[PDB]
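Starting off, we have a lone chain in the form deposited in one PDB entry, written out as structure tokens.
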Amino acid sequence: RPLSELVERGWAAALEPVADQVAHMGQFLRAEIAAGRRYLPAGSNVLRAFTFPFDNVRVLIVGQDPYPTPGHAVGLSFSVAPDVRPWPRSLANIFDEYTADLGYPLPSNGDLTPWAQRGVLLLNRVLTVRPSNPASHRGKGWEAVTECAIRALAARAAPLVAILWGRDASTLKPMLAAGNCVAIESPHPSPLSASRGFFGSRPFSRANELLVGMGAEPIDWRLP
């Protein structure tokens, strides 16, 4: 399938510069199965963050690698399928900040699809992993794809708030700071930072203050 077939219209145009790289990663995953190795998430979920409208993205949440545990990774950073229990530690931590910052009760489950619908891009820098082998697909070719995605997002004549939850600020800030209406939430605690900087970081309320300050609508963060 060409990009226009795999991702939303705006994303297919945004990702044209890395269309050969996206083809190549498809070949890599087929070669992994031939090699007798597995990957997550499911092939159908790998580009899932790019199936929500490129023009409507208001917030970027950056992760590093998909969940390594079988049955966790669903192609949106930190999300899990609605029947997954208990939550992964990172997600439990995110939901504790969610209740504290926003005053909402604990979500009913770990499915962040509503954030994706509302223009929250849940982007991992690396979109696949070998099950039970954390960070096993680093350097396989995803970094160039997700860099093109972020630079394209930054280049829009449109507001963006970046939240960095994958700790690589010195690699990510240059891709973004080259934008016109991008605010980066600093500092950069990750959800596993927990009480050493993540809890009380107010990422959700701060993103809305920053969007309203750039003349955009806030995100409705409320999960079921």
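For clarity, a rigid core is taken as the largest C-alpha set superposing within 1.5 Å between two forms. Numbers for residues come from their place in the sequence shown, where the first is 1.
From this point on, the text means the form deposited in another entry, which you will not see here.
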Core-aligned between the shown form and the other one, the sole member of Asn45, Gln64, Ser190, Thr69 showing a Cα shift of 2 Å or more is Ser190
Please say whether, between the shown form and the other one, the C-alpha of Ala178 moves by 2 Å or more once the core is aligned.
-> yes
With a difference of at least 3 Å, the CA distance of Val129 and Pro187 in the other form shows the atoms closer
Just say closer or farther for the C-alpha distance from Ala135 to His188 in the other form, relative to the shown form; it changes by 3 Å or more.
-> closer
